[PDB]
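A.B. asks: A single structure is presented below for examination.
Read-outs: derived from the displayed coordinates by stated rules, not from any lab. Here the Cβ is made from the backbone with ideal geometry for all residues, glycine too, and neighbour counts use every protein chain on show.
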Amino acid sequence: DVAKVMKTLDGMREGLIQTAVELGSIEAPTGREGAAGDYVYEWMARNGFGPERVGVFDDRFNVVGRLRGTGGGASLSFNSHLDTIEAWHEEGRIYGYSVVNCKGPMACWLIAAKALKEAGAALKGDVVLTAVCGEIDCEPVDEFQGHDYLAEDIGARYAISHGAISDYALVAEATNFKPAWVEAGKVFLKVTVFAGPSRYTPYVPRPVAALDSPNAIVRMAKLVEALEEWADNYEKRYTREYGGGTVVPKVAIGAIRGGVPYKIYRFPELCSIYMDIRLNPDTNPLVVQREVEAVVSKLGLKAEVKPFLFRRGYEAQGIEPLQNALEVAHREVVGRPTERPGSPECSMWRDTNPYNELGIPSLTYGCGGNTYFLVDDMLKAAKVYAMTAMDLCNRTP
Amino acid sequence: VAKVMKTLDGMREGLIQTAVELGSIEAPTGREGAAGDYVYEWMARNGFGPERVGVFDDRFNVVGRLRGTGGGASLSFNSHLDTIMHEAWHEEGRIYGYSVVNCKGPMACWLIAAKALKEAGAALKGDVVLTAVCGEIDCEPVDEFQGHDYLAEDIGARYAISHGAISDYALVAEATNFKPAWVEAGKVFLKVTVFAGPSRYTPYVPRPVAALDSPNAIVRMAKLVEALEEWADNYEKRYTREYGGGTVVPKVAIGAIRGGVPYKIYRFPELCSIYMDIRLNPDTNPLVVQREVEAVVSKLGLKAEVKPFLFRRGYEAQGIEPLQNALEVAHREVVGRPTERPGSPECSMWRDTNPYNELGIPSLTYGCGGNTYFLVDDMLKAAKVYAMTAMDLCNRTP
Amino acid sequence: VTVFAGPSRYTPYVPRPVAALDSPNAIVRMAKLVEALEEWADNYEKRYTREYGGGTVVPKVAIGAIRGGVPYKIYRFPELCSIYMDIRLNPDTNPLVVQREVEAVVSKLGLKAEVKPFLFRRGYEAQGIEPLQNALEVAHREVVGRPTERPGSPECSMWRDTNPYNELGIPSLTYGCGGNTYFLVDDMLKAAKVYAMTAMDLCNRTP
């Protein structure tokens, strides 16, 4: 019964706060999420959710458990990520950027599952509890390979693919009670401009115009300028409205390197930049590659434009039952109808992408959002999650 | 074309060497590194600029390119480095070796087709992307079997494509006997654990009890296996489904069982597990299938945990026509007849077309052969078809 | 007990429908053989029940483990499947008599199987136990105050370390307090009193 589960949740304010502070206190940047995973595993296990470590590495794993229902109903997943980029309680607030992103929203649905199980809520469908590693957009490239540098490939997609499947999925993040169900994809490009010939410094030819410099670092100044302008218009041209949100796909030059600092007496013939280019769900990464290649050709430069990452974005298909259950729960607990998210929270990576890629309609929703969470807002989110499940998991599929 | 054709005729020996050397390297899933190294070094000698793209230092994909002049569609050729685990050798215009059939033979064909394209100086506006992948075979981790040694598809083609080996179209070379497919099945694996008990020391076992009521989970599992076979018989019929890219007959099989442990048998088990491979047509939700199996369990008045431990989607290629067409035209010239359609099993299985199609790269599977050997004549033809297909398609505008 | 079947195929090639005793999957044949062996076990214990001075032996059977295939490679079903049977013996049954019986269950289903023993231990009835029986009974009556009752058949149809003692010519019986969650300290002090007396009696008799 809804009425019972609410009061049960009210009697768990202290477990909620403890769970958040304990989780938020564990150091868990991408690459080193094991300890957080171990915490959540032992939390799920003490509470009877039969967790499993589901991972490609024994110190970087996802944690998957279940609240099994009586049979026949739709199954719902709750999802949050274990990685980050101390946490403490003070006057109804929990402080810590580790709580905002993303241990706070995680505590909410952990506690919501605890409330459902102890109140004996009648659920025909399963609730799937999925805490994942490697959500943040780190990726390997060049000499940086394997274990230390991996992320999304071993996170949520790996977990779902290895059994953490459901009919619908709610990804809990700091959205301030605004739901989204479109996200951007991405293509990363390594762009290497060619120049030369390289000389020992006392032999460097000057003066030469920047586009003609034997130093690829100096040509790269010109190409950076062109690519910035291209980026200013890229985001306008590929802005696109969906039912699940408006996607404004942005571009940024995330890194540059040319030469090696410990050998600078001979300037380099190569220089590389690394571009983060977001994609709306309807853009082929190759269309974008040719565009960058064209900026390059229009400057009369020669360059290698090499993709080293491609992920698709998705708009959820058939999200309405989850959207509805959530909207209804939201209106009772928060008391207002839901507002629509800004375009940045629809033009991101979120673990809705892998769920939607695998045919599990998925939206993202949770409290908060930048320094702290209101415990009241967290109890509210946990109430919403608990209701959403009681609705949706009793509908037949 | 006629030049590329004769360049290829003059590489008969390189084709045979490449296949035999590759097929001789021992490479079951889990231990594909050495095959990968062969191919990396092969691609390097031939100027294709290889890169190792892997999540592990000894299990990696290998990706290279033949760069075009600009303005064309890009085509990927793909084959897998792993094998099941024979040996490989040349004999009478045949190459013997199960590792040649699956899948170093088809691989050599397109390595050689790329060598031929590059040396004859063929004019290609688009890039040819050369992708040799690890972990194609359907091994998956489960239970205590985790990580490096048991992984496969998650670190293979999908990983390579996601990490830059993208193109407009993709041909996956496999032993298909010159019949192209562009639908494959997906899959859901289910661990089904039947509950029984209470467990007793053998001198205390209650008898007689009816099998469905036995305190021993191995004995309840005898009945459930009989029921799941019945279900499996009808499952494939009910979910048979026709696509443009082929007919999918999705089949079911119980691949493993274990209950109790052999070194402690003096107390019969309260749990017994089976592991089912259930193929899916591209349009079946894995949960629909889960509920069907859960329902077989309920119909017997048994209690069981039905736990999925693998889900992959199957796909039918969308917008395959330009590649379908380049291939068909190339095939008719080199092989001399139109392509026949593949049987339903070869459309109802896993092929690395699935990851390509999932990522929006229309992809079909095609190559010579298909059990024990390849005719070298059939290989040279496949290499010719690949070369021609690239020559057509990589000059169409994208 | 390993049942043979095959040939093994990749899942998209599995032949259906086929009757369970004829399935290429040894796991599926094994379902049928398990059923037969259970029935055989229901009667095995009745047929080989046997009364001794030291207790009644009701020898039981149980299938303690099964394994077929490997879980991390399930895309090709197995040609072999094995079960592991715990078959108790009364002291007077040759293990080979029992092996042929299981082999016969197998042949009667028209299955082919390897029936391989991997453990044999003999049971024993103590011979010449009376002096220890007597010393114990006497001590028991003084400390516990009642004469001893006879055990149920499961505690006579078990393994106990009386077997090795009796095998080596040292007459041996089993006795102590208790029996399932806890012991009464009083019952333990009683047992210790019985043991101490039994020794004072028996260790002063000449052999």
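A.B. asks: As an exercise, use a Förster radius of 51 Å and the Cβ-Cβ distance of B:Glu242 and A:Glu86 to find the FRET efficiency, rounded to the nearest 0.05. Walk me through the numbers on the way to the answer.
C.D. replies: Values: r = 60 Å, r/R0 = 1.18.
Computed FRET efficiency for B:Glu242 and A:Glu86: 0.25.
A.B. asks: How many partner chain Cβ atoms sit within 10 Å of a residue's Cβ in peptide B:156-165, on average, as a whole number? Walk me through the numbers on the way to the answer.
C.D. replies: Numbers: counts 0, 0, 3, 3, 0, 2, 10, 10, 11, 3.
Rounded to a whole number, the mean comes out at 4.
A.B. asks: Note down the Stokes-Einstein diffusion coefficient of the protein assembly as shown in µm²/s, whole number, using a Kirkwood radius over alpha carbon pairs, 4 °C, and 1.567 mPa s. Can you show the working numbers first?
C.D. replies: Numbers: Rh = 32.3 Å.
Translational diffusion coefficient: 40 µm²/s.
A.B. asks: For a Förster distance of 60 Å, can you work out the FRET efficiency between the beta-carbons of C:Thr2 and A:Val208, rounded to the nearest 0.05? Can you show the working numbers first?
C.D. replies: Numbers: r = 81 Å, r/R0 = 1.34.
For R0 = 60 Å, the calculated efficiency reads 0.15.
A.B. asks: Using a Förster distance of 30 Å, how high is the FRET efficiency between A:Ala294 and B:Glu13, based on the Cβ-Cβ distance and rounded to 0.05? Intermediate results must be reported in sequence, preceding the final value.
C.D. replies: Numbers: r = 43 Å, r/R0 = 1.43.
Approximately 0.10, to the nearest 0.05.
A.B. asks: Please enumerate, by chain and number, the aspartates and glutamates with C-alpha under 19 Å from the C-alpha of B:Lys6, excluding those fewer than 8 residues away in the same chain.
C.D. replies: Once the sequence-local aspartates and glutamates are set aside, what remains near B:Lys6 is B:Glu119, B:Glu333, B:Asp377, B:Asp378, B:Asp392.
A.B. asks: Another one. At B:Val261 and B:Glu21, where each label point lies 7 Å from the Cα along Cα→Cβ, what is the point-to-point distance in nanometres?
C.D. replies: Once both label points are built, they end up 4.7 nm from each other.
A.B. asks: Please give the Cα centre distance for region B:72-140 versus region B:327-398, rounded to the nearest Å.
C.D. replies: Going from one Cα centre to the other spans 12 Å.
A.B. asks: What's the ranking of A:266-275, B:144-153 by average number of surrounding C-beta atoms within 10 Å, highest first?
C.D. replies: Details: A:266-275: 19.4, B:144-153: 17.4.
Ranking the peptides A:266-275, B:144-153 by packing returns A:266-275, B:144-153.
A.B. asks: Restricted to Cα positions, what overall size does region A:183-313 have along the principal axes? Three whole-Å values, descending.
C.D. replies: 62, 28, 18
A.B. asks: Now for a separate question. Quick check: net charge around B:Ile320, other residues with Cβ under 12 Å of its Cβ, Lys/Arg +1 and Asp/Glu -1?
C.D. replies: Working: positive: none; negative: B:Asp168, B:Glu316, B:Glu321, B:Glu328.
My count for the surroundings of B:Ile320 gives -4.
A.B. asks: Sticking with this structure for a sec: I need the peptides B:214-220, A:204-210 ranked by packing, meaning the mean over residues of other C-beta atoms within 10 angstrom, with the highest value on top.
C.D. replies: On the way: B:214-220: 25.0, A:204-210: 9.9.
Descending packing order for the listed peptides: B:214-220, A:204-210.
A.B. asks: Ok, one more. For B:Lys3, list the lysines whose Cα falls under 20 Å from its own Cα; do not include residues on the same chain fewer than 8 positions away.
C.D. replies: Those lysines meeting the cut-off are B:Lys115, B:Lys118, B:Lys125, B:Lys381, B:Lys384.
A.B. asks: Shifting gears a bit: What average number of partner chain Cβ atoms lie no more than 10 Å from the Cβ of the residues making up B:137-150? If you can, show how the numbers build up before the last one.
C.D. replies: Numbers: counts 4, 6, 5, 8, 6, 8, 3, 2, 4, 9, 5, 3, 1, 4.
Taking the mean over all residues of the peptide, I get 5.
A.B. asks: Counting helices only, and only those DSSP H runs with n ≥ 4, report the 222 nm mean residue ellipticity of the protein assembly as shown as the sum of -39,500 (n - 2.57) divided by its residues, in deg cm²/dmol to the nearest 500. List each step's numbers first, then the result.
C.D. replies: Details: 25 runs with 336 residues, N = 1002.
Helices in the protein assembly as shown give a 222 nm mean residue ellipticity of -10500 deg cm²/dmol.
A.B. asks: Something else: Report, ordered by chain and residue number, the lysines lying within cross-link reach of A:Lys236, taken as a straight Cα distance under 22 Å and ignoring same-chain residues fewer than 8 apart.
C.D. replies: Here the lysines satisfying the reach criterion relative to A:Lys236 are A:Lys186, A:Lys250, A:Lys298.
A.B. asks: Shielding of B:284-295 by partners, i.e. mean partner chain Cβ atoms within 10 Å per residue?
C.D. replies: Values: counts 1, 5, 6, 10, 2, 0, 3, 5, 0, 0, 2, 2.
The shielding value for this peptide is 3.
A.B. asks: Quick one: 3J(HN,Hα) in Hz for region A:51-61, Karplus 6.51/-1.76/1.60 with θ = phi - 60°, rounded, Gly and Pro as x.
C.D. replies: For region A:51-61, the Karplus curve yields x, 10, 7, 10, x, 8, 10, 6, 10, 9, 9 Hz.
A.B. asks: Given just the C-alpha atoms of chain B, how large is their convex hull per residue in cubic angstrom? If you can, show how the numbers build up before the last one.
C.D. replies: Numbers: hull volume 55.9 nm³, N = 398.
In chain B, the Cα convex hull volume per residue is 140 Å³.
A.B. asks: If you don't mind, another one. Per-residue HN-Hα couplings for region C:3-13, Karplus 6.51 cos²θ - 1.76 cosθ + 1.60 at θ = phi - 60°, whole Hz, x for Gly and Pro?
C.D. replies: Each residue's phi maps through the Karplus curve to give 8, 9, 8, x, x, 6, 10, 4, 3, x, 10 Hz.
A.B. asks: Could you line up A:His162, B:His80 from fewest to most neighbouring Cβ atoms inside 10 Å? Present the calculation step by step, with values, prior to reporting the outcome.
C.D. replies: Working: A:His162 24, B:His80 31.
Lowest count first: A:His162, B:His80.
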